[PDB]
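Respectively, the protein sequence lines represent chains R and P. For UniProt numbering, add 486 to where a residue sits in the first sequence, where the first one is 1. For UniProt numbering, add 389 to where a residue sits in the second sequence, where the first one is 1. By construction, the Cβ of each residue, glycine as well, lies at the ideal position given by its N, Cα and C atoms. To keep things clear, I will list the structure first and then write my remarks on it.
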Amino acid sequence: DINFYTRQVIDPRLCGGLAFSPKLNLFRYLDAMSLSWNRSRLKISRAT
Amino acid sequence: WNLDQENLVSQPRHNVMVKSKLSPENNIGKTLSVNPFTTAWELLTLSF
């Protein structure tokens with residue numbers, strides 16, 4: 487007769503990925519043109 | 390390095406400014422004082 491309970495991690499070093507990793511599809515996304523708001527910042531700084 | 394972009398590009402906000410004062414030889418100092426009588430007209434004087 488054996489009766490006990492255990493809980494184990496998903497060892498995220500090995501497993502834990504295999505997902506979408508929402509970094510991508512957003513880092514390759516507008517991060518450049520949104521950064522390009524340097525144009526507007528320069529505009530406001532000129533009149534500042 | 391097998392990178393999509395061949396050259397690293399930086400866009401520094403470059404700002405230069407030159408300015409002068411052009412003050413003449415004069416005495417904006419002690420002479421820049423409030424009315425000598427002020428509220429002490431009770432003190433008698435004619436030469437001051």
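If distances are taken between C-alpha atoms only, which option among the options comes closest to residue i?
{"i": "P:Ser399", "options": "R:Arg532, R:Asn524 and R:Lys529", "result": "R:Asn524"}
{"i": "P:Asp393", "options": "R:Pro508, R:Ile496, R:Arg532 and R:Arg514", "result": "R:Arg514"}
{"i": "P:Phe426", "options": "P:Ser412, P:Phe437, P:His403 and P:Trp390", "result": "P:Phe437"}
{"i": "R:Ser531", "options": "P:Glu431, P:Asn404, P:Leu433 and P:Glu414", "result": "P:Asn404"}
Can the beta-carbon of residue i be found closer than 8 Å to that of residue j?
{"i": "R:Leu512", "j": "P:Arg402", "result": "no"}
Next item on the list: Within the segment 507-533 of chain R, note down every full alpha helix (DSSP H) run reaching 4 residues or more, in order along the chain.
Entry: With a minimum length of 4 residues, the continuous alpha helix (DSSP H) runs that stay inside the segment 507-533 of chain R are 517-521 and 524-533.
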